[PDB]
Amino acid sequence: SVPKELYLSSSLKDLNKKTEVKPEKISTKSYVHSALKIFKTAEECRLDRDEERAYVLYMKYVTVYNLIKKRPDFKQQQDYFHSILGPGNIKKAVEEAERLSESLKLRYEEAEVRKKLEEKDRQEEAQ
């Protein structure tokens, strides 16, 4: 019927920025915008107890930060960008990714051992 009312952006140009996958074609300001959303979503996933999604998002946030922090246009305005991202947020992401990695390692190891043991039980039980 009628298309949804425009809300995402104000030009095809801004929209085109969202289509890119190469870092070489993603500006520092665009990555900061994404990172803000990735961190927000990572917080929500953590609160929702989705450890894998939360971990992937905190880790991805740190990987974007590590990428753009090497750029001269980031370095030139380091204090400004750090205050947009929030210094407590960058620190939170590292420590959450670390805490979640430690949790996921054990949960993946558990599920794998439990698997192996159930197959061992399968061979022996039917016997």
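Counting begins at 1, following the sequence as shown.
Higher average CA B factor: 90-98, of the stretches 31-39 and 90-98.
Between 22-30 and 67-75, it is 67-75 that carries the larger average Cα temperature factor according to the deposited entry. Among the modelled residues of its chain, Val56 has a C-alpha B-factor that falls in the lowest third according to the deposited record. In the PDB entry, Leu47 places in the highest third of its chain by CA B-factor.
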